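Below is structure.pdb, holding PDB, C-alpha atoms (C1' of nucleotides) and all ligand atoms.
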MODEL        1
ATOM      1  CA  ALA A   2     -34.986 -31.486 -10.317  1.00  0.00           C
ATOM      2  CA  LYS A   3     -38.730 -31.621  -9.606  1.00  0.00           C
ATOM      3  CA  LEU A   4     -39.623 -27.997  -8.855  1.00  0.00           C
ATOM      4  CA  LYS A   5     -43.409 -27.745  -8.566  1.00  0.00           C
ATOM      5  CA  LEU A   6     -45.808 -24.779  -8.594  1.00  0.00           C
ATOM      6  CA  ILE A   7     -47.965 -23.568  -5.691  1.00  0.00           C
ATOM      7  CA  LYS A   8     -51.475 -22.139  -6.067  1.00  0.00           C
ATOM      8  CA  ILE A   9     -53.219 -19.511  -3.938  1.00  0.00           C
ATOM      9  CA  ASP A  10     -55.335 -22.055  -2.034  1.00  0.00           C
ATOM     10  CA  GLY A  11     -52.232 -23.872  -0.774  1.00  0.00           C
ATOM     11  CA  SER A  12     -52.729 -26.936  -2.979  1.00  0.00           C
ATOM     12  CA  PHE A  13     -49.923 -28.099  -5.228  1.00  0.00           C
ATOM     13  CA  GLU A  14     -49.980 -28.115  -9.016  1.00  0.00           C
ATOM     14  CA  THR A  15     -50.083 -31.515 -10.710  1.00  0.00           C
ATOM     15  CA  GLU A  16     -47.428 -30.513 -13.280  1.00  0.00           C
ATOM     16  CA  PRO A  17     -43.836 -30.414 -11.980  1.00  0.00           C
ATOM     17  CA  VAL A  18     -41.232 -28.386 -13.848  1.00  0.00           C
ATOM     18  CA  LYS A  19     -37.944 -29.930 -14.925  1.00  0.00           C
ATOM     19  CA  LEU A  20     -34.753 -28.031 -14.122  1.00  0.00           C
ATOM     20  CA  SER A  21     -31.673 -27.495 -16.254  1.00  0.00           C
ATOM     21  CA  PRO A  22     -28.581 -29.168 -14.729  1.00  0.00           C
ATOM     22  CA  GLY A  23     -26.549 -25.948 -14.882  1.00  0.00           C
ATOM     23  CA  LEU A  24     -28.286 -24.555 -11.795  1.00  0.00           C
ATOM     24  CA  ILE A  25     -27.300 -27.432  -9.493  1.00  0.00           C
ATOM     25  CA  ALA A  26     -23.560 -27.885  -8.932  1.00  0.00           C
ATOM     26  CA  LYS A  27     -21.974 -31.227  -8.062  1.00  0.00           C
ATOM     27  CA  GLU A  28     -19.156 -29.299  -6.328  1.00  0.00           C
ATOM     28  CA  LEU A  29     -19.996 -27.122  -3.322  1.00  0.00           C
ATOM     29  CA  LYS A  30     -17.749 -24.365  -1.959  1.00  0.00           C
ATOM     30  CA  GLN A  31     -18.189 -23.404   1.694  1.00  0.00           C
ATOM     31  CA  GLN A  32     -15.314 -20.974   2.312  1.00  0.00           C
ATOM     32  CA  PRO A  33     -16.530 -18.468  -0.339  1.00  0.00           C
ATOM     33  CA  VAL A  34     -19.976 -18.776   1.251  1.00  0.00           C
ATOM     34  CA  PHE A  35     -18.541 -17.959   4.680  1.00  0.00           C
ATOM     35  CA  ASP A  36     -16.644 -14.950   3.324  1.00  0.00           C
ATOM     36  CA  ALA A  37     -19.748 -13.697   1.500  1.00  0.00           C
ATOM     37  CA  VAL A  38     -21.820 -13.835   4.691  1.00  0.00           C
ATOM     38  CA  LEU A  39     -19.078 -12.034   6.630  1.00  0.00           C
ATOM     39  CA  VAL A  40     -18.808  -9.201   4.104  1.00  0.00           C
ATOM     40  CA  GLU A  41     -22.595  -8.925   4.105  1.00  0.00           C
ATOM     41  CA  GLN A  42     -22.574  -8.640   7.905  1.00  0.00           C
ATOM     42  CA  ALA A  43     -19.826  -6.055   7.518  1.00  0.00           C
ATOM     43  CA  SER A  44     -20.605  -2.760   5.756  1.00  0.00           C
ATOM     44  CA  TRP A  45     -23.750  -2.788   7.889  1.00  0.00           C
ATOM     45  CA  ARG A  46     -21.712  -1.007  10.574  1.00  0.00           C
ATOM     46  CA  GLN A  47     -22.463   2.694  10.954  1.00  0.00           C
ATOM     47  CA  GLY A  48     -19.081   3.201  12.627  1.00  0.00           C
ATOM     48  CA  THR A  49     -20.026   6.455  14.376  1.00  0.00           C
ATOM     49  CA  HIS A  50     -18.102   5.725  17.590  1.00  0.00           C
ATOM     50  CA  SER A  51     -15.802   8.588  18.571  1.00  0.00           C
ATOM     51  CA  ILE A  52     -13.611   9.416  21.565  1.00  0.00           C
ATOM     52  CA  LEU A  53     -11.496  12.375  22.677  1.00  0.00           C
TER      53      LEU A  53
ATOM     54  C1'   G B   1     -29.001   0.105  -5.234  1.00  0.00           C
ATOM     55  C1'   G B   2     -31.691   0.380   1.406  1.00  0.00           C
ATOM     56  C1'   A B   3     -25.955   5.095   4.817  1.00  0.00           C
ATOM     57  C1'   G B   4     -26.575  -2.625   1.576  1.00  0.00           C
ATOM     58  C1'   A B   5     -24.256  -7.702  -0.616  1.00  0.00           C
ATOM     59  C1'   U B   6     -23.820  -6.411  -5.532  1.00  0.00           C
ATOM     60  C1'   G B   7     -24.145  -5.054 -11.182  1.00  0.00           C
ATOM     61  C1'   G B   8     -21.773  -1.631 -14.715  1.00  0.00           C
ATOM     62  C1'   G B   9     -16.992   0.676 -15.031  1.00  0.00           C
ATOM     63  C1'   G B  10     -10.359  -2.912 -17.884  1.00  0.00           C
ATOM     64  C1'   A B  11      -8.122   3.626 -16.393  1.00  0.00           C
ATOM     65  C1'   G B  12      -4.675   0.782 -14.682  1.00  0.00           C
ATOM     66  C1'   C B  13      -1.507  -2.815 -11.467  1.00  0.00           C
ATOM     67  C1'   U B  14       1.288  -7.827 -11.076  1.00  0.00           C
ATOM     68  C1'   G B  15       3.057 -12.020 -14.054  1.00  0.00           C
ATOM     69  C1'   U B  16       4.125 -13.466 -19.293  1.00  0.00           C
ATOM     70  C1'   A B  17      12.195 -12.414 -21.464  1.00  0.00           C
ATOM     71  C1'   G B  18      16.075 -11.268 -20.070  1.00  0.00           C
ATOM     72  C1'   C B  19      20.892  -8.434 -20.413  1.00  0.00           C
ATOM     73  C1'   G B  20      23.176  -3.692 -20.627  1.00  0.00           C
ATOM     74  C1'   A B  21      24.798   3.043 -17.878  1.00  0.00           C
ATOM     75  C1'   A B  22      22.504   3.618 -22.645  1.00  0.00           C
ATOM     76  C1'   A B  23      21.383   3.529 -28.088  1.00  0.00           C
ATOM     77  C1'   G B  24      20.484  -1.527 -28.602  1.00  0.00           C
ATOM     78  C1'   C B  25      20.055  -6.945 -29.103  1.00  0.00           C
ATOM     79  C1'   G B  26      17.010 -10.941 -27.885  1.00  0.00           C
ATOM     80  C1'   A B  27      16.863 -17.230 -25.246  1.00  0.00           C
ATOM     81  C1'   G B  28      20.240 -14.541 -25.376  1.00  0.00           C
ATOM     82  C1'   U B  29      22.830 -10.380 -23.559  1.00  0.00           C
ATOM     83  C1'   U B  30      27.110  -7.274 -20.975  1.00  0.00           C
ATOM     84  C1'   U B  31      32.654  -7.152 -20.969  1.00  0.00           C
ATOM     85  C1'   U B  32      36.330  -7.915 -24.762  1.00  0.00           C
ATOM     86  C1'   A B  33      39.703  -8.328 -30.992  1.00  0.00           C
ATOM     87  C1'   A B  34      36.945 -13.142 -29.079  1.00  0.00           C
ATOM     88  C1'   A B  35      31.777 -16.684 -30.320  1.00  0.00           C
ATOM     89  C1'   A B  36      37.058 -18.294 -25.668  1.00  0.00           C
ATOM     90  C1'   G B  37      36.408 -17.141 -20.235  1.00  0.00           C
ATOM     91  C1'   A B  38      33.410 -14.773 -16.596  1.00  0.00           C
ATOM     92  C1'   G B  39      28.577 -11.964 -14.617  1.00  0.00           C
ATOM     93  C1'   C B  40      23.090 -12.230 -15.283  1.00  0.00           C
ATOM     94  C1'   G B  41      19.174 -15.328 -17.505  1.00  0.00           C
ATOM     95  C1'   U B  42      17.407 -19.921 -20.470  1.00  0.00           C
ATOM     96  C1'   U B  43      10.230 -19.782 -15.682  1.00  0.00           C
ATOM     97  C1'   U B  44       6.536 -20.718 -12.197  1.00  0.00           C
ATOM     98  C1'   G B  45       0.971 -16.711 -11.456  1.00  0.00           C
ATOM     99  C1'   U B  46      -2.625 -13.417  -9.469  1.00  0.00           C
ATOM    100  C1'   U B  47      -6.733 -11.142  -6.165  1.00  0.00           C
ATOM    101  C1'   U B  48      -8.390 -11.437  -1.433  1.00  0.00           C
ATOM    102  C1'   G B  49      -9.121 -13.126   4.199  1.00  0.00           C
ATOM    103  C1'   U B  50      -6.169 -13.993   8.854  1.00  0.00           C
ATOM    104  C1'   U B  51      -1.631 -13.709  11.676  1.00  0.00           C
ATOM    105  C1'   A B  52       3.623 -11.755  12.588  1.00  0.00           C
ATOM    106  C1'   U B  53       7.193  -7.967  11.613  1.00  0.00           C
ATOM    107  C1'   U B  54       8.087  -3.174   9.500  1.00  0.00           C
ATOM    108  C1'   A B  55       7.672   2.349   7.083  1.00  0.00           C
ATOM    109  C1'   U B  56       4.762   7.513   7.777  1.00  0.00           C
ATOM    110  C1'   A B  57       1.960   9.566  11.266  1.00  0.00           C
ATOM    111  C1'   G B  58       2.100  11.519  18.963  1.00  0.00           C
ATOM    112  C1'   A B  59       2.587   5.277  17.481  1.00  0.00           C
ATOM    113  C1'   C B  60       2.924   1.043  24.413  1.00  0.00           C
ATOM    114  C1'   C B  61       1.972   4.645  28.647  1.00  0.00           C
ATOM    115  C1'   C B  62       3.754   8.586  32.231  1.00  0.00           C
ATOM    116  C1'   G B  63       7.878  12.417  33.238  1.00  0.00           C
ATOM    117  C1'   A B  64      11.578  17.127  31.867  1.00  0.00           C
ATOM    118  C1'   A B  65      14.864  21.542  32.441  1.00  0.00           C
ATOM    119  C1'   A B  66      13.631  24.091  27.985  1.00  0.00           C
ATOM    120  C1'   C B  67      12.481  26.987  22.777  1.00  0.00           C
ATOM    121  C1'   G B  68       9.165  30.167  19.659  1.00  0.00           C
ATOM    122  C1'   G B  69       4.508  33.173  19.149  1.00  0.00           C
ATOM    123  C1'   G B  70       0.745  35.948  21.377  1.00  0.00           C
ATOM    124  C1'   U B  71      -1.788  38.533  25.416  1.00  0.00           C
ATOM    125  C1'   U B  72      -2.293  40.107  31.160  1.00  0.00           C
ATOM    126  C1'   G B  73       0.268  42.504  35.043  1.00  0.00           C
ATOM    127  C1'   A B  74       4.183  49.274  38.248  1.00  0.00           C
ATOM    128  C1'   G B  75      -2.749  48.220  43.734  1.00  0.00           C
ATOM    129  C1'   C B  76       3.743  44.694  46.309  1.00  0.00           C
ATOM    130  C1'   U B  77       8.304  46.718  44.869  1.00  0.00           C
ATOM    131  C1'   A B  78      12.574  50.029  41.893  1.00  0.00           C
ATOM    132  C1'   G B  79      12.861  54.877  39.363  1.00  0.00           C
ATOM    133  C1'   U B  80      10.632  59.538  37.637  1.00  0.00           C
ATOM    134  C1'   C B  81       6.668  63.351  37.660  1.00  0.00           C
TER     135        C B  81
HETATM  136 MG    MG C   1     -17.804  -2.971  -7.399  1.00  0.00          MG
HETATM  137 MG    MG C   2      27.871 -18.027 -21.100  1.00  0.00          MG
HETATM  138 MG    MG C   3      -3.409 -19.723  -5.463  1.00  0.00          MG
HETATM  139 MG    MG C   4       6.338  54.226  43.418  1.00  0.00          MG
ENDMDL
END
Would you give me this structure, written as structure tokens?
Ligand SMILES: [Mg+2]
Ligand SMILES: [Mg+2]
Ligand SMILES: [Mg+2]
Ligand SMILES: [Mg+2]
Amino acid sequence: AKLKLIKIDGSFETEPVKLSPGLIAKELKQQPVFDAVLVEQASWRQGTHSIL
RNA sequence: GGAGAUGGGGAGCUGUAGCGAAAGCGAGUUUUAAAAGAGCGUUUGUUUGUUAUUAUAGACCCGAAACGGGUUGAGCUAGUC
């Protein structure tokens, strides 16, 4: 793809960088993405609730 | 590594060949003198997430008369001095 550089002033570079096709995948998986987000949200739990 | 996602870590676990108590043999094996007959095999995996059931824990909640171990009581009362 056309991934292009950014300078400090906010103007764009005139030379875009080509991208190897291995990065972009023609097949997208959404269920593994959902499970990854859920396990990231989990393990953030302190779990210090206690009752007698 | 942030009380992280994760990376390293292949120790192991399931499946890949089964049969027999076993030595053993092996797409065959056990029984038997038998190769016949019969039994079992000659294929469909694994790791997670969710739900249902189940096993160990008190295991849906409330309820005994009880049992065992320790301490406190003879200012009431019973006896004795
Ligand atoms: Mg790990
Ligand atoms: Mg046969
Ligand atoms: Mg599968
Ligand atoms: Mg008295």
Select the residues contacting ligand MG 2 (chain C) at a distance of at most 9 Å, based on all atoms listed in the file, then format the selection as a ChimeraX atom specification.
/B:37-39
I'd like the residues picked by the PyMOL selection byres ((chain B) within 12 of (chain A)) written out as a PyMOL selection string, using the chain letters and numbers from the file.
chain B and resi 2-6+48-50
Given 12 Å and only C-alpha atoms (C1' of nucleotides) and all ligand atoms, residues near ligand MG 3 (chain C) as a ChimeraX atom specification
/B:45-48
Using all atoms of stretch 4-14 of chain B listed in the file and a margin of 3 Å per side, can you give the axis-aligned box centre and edge lengths in Å to one decimal, as JSON?
{"center_x": -12.6, "center_y": -2.1, "center_z": -8.2, "size_x": 33.9, "size_y": 17.5, "size_z": 25.5}
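Computed from the coordinates, the atom CA of residue A:6 to atom CA of residue A:30 distance equals 28.8 Å.
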Given the file shown, determine the residues that the PyMOL selection byres (((chain B and resi 14-22) around 9) and not hetatm) selects; report them as a PDB file with C-alpha atoms (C1' of nucleotides), in the coordinates of the input.
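Listed below is the output, part_9.pdb:
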ATOM      1  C1'   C B  13      -1.507  -2.815 -11.467  1.00  0.00           C
ATOM      2  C1'   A B  23      21.383   3.529 -28.088  1.00  0.00           C
ATOM      3  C1'   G B  24      20.484  -1.527 -28.602  1.00  0.00           C
ATOM      4  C1'   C B  25      20.055  -6.945 -29.103  1.00  0.00           C
ATOM      5  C1'   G B  26      17.010 -10.941 -27.885  1.00  0.00           C
ATOM      6  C1'   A B  27      16.863 -17.230 -25.246  1.00  0.00           C
ATOM      7  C1'   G B  28      20.240 -14.541 -25.376  1.00  0.00           C
ATOM      8  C1'   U B  29      22.830 -10.380 -23.559  1.00  0.00           C
ATOM      9  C1'   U B  30      27.110  -7.274 -20.975  1.00  0.00           C
ATOM     10  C1'   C B  40      23.090 -12.230 -15.283  1.00  0.00           C
ATOM     11  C1'   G B  41      19.174 -15.328 -17.505  1.00  0.00           C
ATOM     12  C1'   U B  42      17.407 -19.921 -20.470  1.00  0.00           C
ATOM     13  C1'   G B  45       0.971 -16.711 -11.456  1.00  0.00           C
ATOM     14  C1'   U B  46      -2.625 -13.417  -9.469  1.00  0.00           C
TER      15        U B  46
END
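In this model, the gap between atom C1' of residue B:44 and atom CA of residue A:28 comes to 27.7 Å.
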Give me, as a PyMOL selection string, the set of residues whose atoms come within 8 Å of any atom of ligand MG 4 (chain C), counting only C-alpha atoms (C1' of nucleotides) and all ligand atoms.
chain B and resi 74+77-79
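Taking all atoms listed in the file into account, ligand MG 1 (chain C) has within 10 Å the residues residues 6, 7, 8 and 9 of chain B.
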Written as number ranges by chain, which residues does the PyMOL selection byres (((chain A and resi 21-27) around 12) and not hetatm) give for the file shown?
A: 2-4, 18-20, 28-30
